[PDB]
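Undergrad: Residues in the sequence shown are numbered from 1 upward in steps of one, following the authors' numbering. In this text, a Cβ means the ideal position worked out from N, Cα and C, and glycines have one as well. Before I ask anything, let me first share the structure, which is written out below as structure tokens.
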Amino acid sequence: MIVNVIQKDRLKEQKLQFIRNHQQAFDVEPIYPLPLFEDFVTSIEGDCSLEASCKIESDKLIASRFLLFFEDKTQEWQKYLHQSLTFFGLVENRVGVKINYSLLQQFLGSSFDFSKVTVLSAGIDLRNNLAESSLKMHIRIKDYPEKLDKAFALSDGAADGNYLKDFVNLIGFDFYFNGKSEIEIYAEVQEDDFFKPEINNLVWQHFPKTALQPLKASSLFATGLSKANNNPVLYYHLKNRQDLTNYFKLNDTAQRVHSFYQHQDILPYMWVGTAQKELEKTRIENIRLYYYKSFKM
Ligand SMILES: CC(C)=CCC/C(C)=C/COP(=O)(O)OP(=O)(O)O
Ligand SMILES: [Mg+2]
């Protein structure tokens, strides 16, 4: 019992330190309402992972971006959904905003099979303009084609064709503080399929050569489709975060983020998100960088 007590206190502080390391590196003052997210993270006592990320827009650095991934092996997905939504309601109460839950509600419908969930995450992207701040949720589903159909319908034309359903597992939800909400569909290709002729025909031939080059360093490729996106966002799951500079031509702001994270006590892998047009340039100006740490008893 005493071992569990010590460990619970240790993991609580480690999670807060990971959040604070990120915040303190990039934002001299924490963006409100970060402490509410910190309270939520604290309240999750089982095994989890945290994502800390930066969104670079030329010299603009957006860094109050965090996600918690529920990773307790009990697979209690409905419990985790309700914990996340409790946090969302707490945000509504403290900040004095009303969130638009309609895309999530329609996706879940009235008979959601939680045994088909493989990933659930919840978090924040906080801004100095309240209206531009958002809460975030992602749900990954497996063998649930009914829900893929619904997500594509909810996309309002963003999720291009029905051939993409073959590639979709993760569904994302953004909930802006102004009551605007968005859905995102992520079409993915796993590393084991990169060299298959079917993938060259359905996927690779519709991309320029520059979009294919980082695949060499990636375990997974994805494209994020949403009407909130100006362009489709290409995502690369780099096996080793040290390979970022070898495959992506970074501007000064992104290099700053890269440099900070090289020697932090974090997981080896990362995600990189960028528009197709950025990879055609001599230097990327718009990029998202996502880093990870796990917390296990
Ligand atoms: C297996 C797959 C498809 C994983 C997706 C990983 C990832 C970095 C998603 C971006 O999340 P987001 O769209 O919520 O972030 P942003 O706030 O940058 O739009
Ligand atoms: Mg997105």
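Taking the CB atoms as reference points, tell me whether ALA131 and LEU164 lie closer together than 7 Å.
TA: Result no, Cβ atoms of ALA131 and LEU164 do not sit closer than 7 Å.
Undergrad: For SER121 and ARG127, which I take to be in contact (beta-carbon distance under 8 Å), what is that distance rounded to the nearest angstrom?
TA: No, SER121 and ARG127 are not in contact; Cβ-Cβ is about 20 Å, not under 8 Å.
Undergrad: On the CB-based measure, 16 or more other CB atoms within 10 Å of its CB, does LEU16 come out buried or exposed?
TA: exposed
Undergrad: So the alpha helix (DSSP H) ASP125 belongs to, where does it begin and stop?
TA: Unbroken run through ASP125 is the beta strand (DSSP E), 117-125; no alpha helix (DSSP H).
Undergrad: Just to confirm my understanding: we take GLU280, look at its own chain, exclude 5 residues before and 5 after, and list those with CB closer than 8 Å. What are they?
TA: If we look at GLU280 and ignore the five residues flanking it on each side, its Cβ neighbours are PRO208 and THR210.
Undergrad: Is the beta carbon of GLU285 less than 7 Å from the beta carbon of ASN251?
TA: Yes, they are a contact pair.
Undergrad: Closer than 6 Å: is that where the CB of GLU184 sits relative to any heavy atom of ligand 2?
TA: The beta carbon of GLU184 sits closer than 6 Å to at least one heavy atom of ligand 2.
Undergrad: How is the alpha helix (DSSP H) around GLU198 delimited, first residue to last?
TA: 197-202
Undergrad: One question on the structure: do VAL189 and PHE221 come within less than 7 Å of each other, judged by their Cβ atoms?
TA: yes
Undergrad: Pull the bridge partners of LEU220 from the DSSP assignment, please.
TA: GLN190 and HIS237
Undergrad: In the DSSP assignment, the alpha helix (DSSP H) including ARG94 goes from what residue to what residue?
TA: 77-95
Undergrad: Would you tell me roughly how many angstroms separate the C-alpha atoms of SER53 and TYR291, rounded to the nearest one?
TA: 6 Å
Undergrad: Please go through the segment 128-191 and give each complete alpha helix (DSSP H) segment of 4 or more residues, from N-terminal end onward.
TA: Listed in chain order, the complete alpha helix (DSSP H) runs (minimum 4 residues) inside the segment 128-191 are 145-154.
Undergrad: Please check the pair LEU108 and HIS138, which I expect to be a contact at CB under 8 Å, by giving their CB distance rounded to whole angstroms.
TA: Taking the Cβ atoms as the reference, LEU108 lies roughly 14 Å from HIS138, outside the contact range of under 8 Å.
Undergrad: Per DSSP, what kind of secondary structure is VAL5 in: helix, strand or coil?
TA: helix
Undergrad: Please report the distance separating the alpha-carbon of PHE88 from that of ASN100.
TA: 11 Å
Undergrad: Per DSSP, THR274 is paired with what?
TA: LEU234
Undergrad: Shortest alpha-carbon distance to residue 301 belongs to which of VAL95, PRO232, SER110 and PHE37?
TA: Any question about residue 301 goes unanswered here, given that the chain covers just 1 to 297.
Undergrad: Give every residue of the same chain whose Cβ lies closer than 7 Å to the Cβ of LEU135, excluding the five residues on either side of it in the sequence, and list them in chain order.
TA: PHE88, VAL91, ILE99, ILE124 and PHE175
Undergrad: Where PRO197 and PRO33 are concerned, what is the direct C-alpha to C-alpha distance, given to the nearest angstrom?
TA: 48 Å
Undergrad: According to DSSP, simplified to helix, strand and coil, what is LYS15?
TA: helix
Undergrad: Put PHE248 into one of helix, strand or coil per three-state DSSP.
TA: The DSSP-derived three-state label of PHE248 is coil.
Undergrad: Do the CB positions of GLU29 and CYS48 come within less than 7 Å of each other?
TA: no
Undergrad: Classify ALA63 as helix, strand or coil using the three-state DSSP reduction.
TA: strand
Undergrad: Does the Cβ of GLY157 lie closer than 6 Å to at least one heavy atom of ligand 2?
TA: Not one heavy atom of ligand 2 is found less than 6 Å from the C-beta of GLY157.
Undergrad: Contact check, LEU67 vs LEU50 under 8 Å by CB: the rounded distance?
TA: 7 Å
Undergrad: Could you give the C-beta distance for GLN78 and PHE114, rounded to a whole number, given that I count them as a contact under 8 Å?
TA: 5 Å
Undergrad: Roughly how far, in whole angstroms, is the beta-carbon of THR223 from the beta-carbon of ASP59, given that I think they are within contact range, below 8 Å?
TA: 26 Å between Cβ atoms; not a contact.
Undergrad: Enumerate in chain order the residues of its own chain whose CB-to-CB distance from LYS150 is below 8 Å, with the five nearest sequence positions on each side excluded.
TA: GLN106, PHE107 and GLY109
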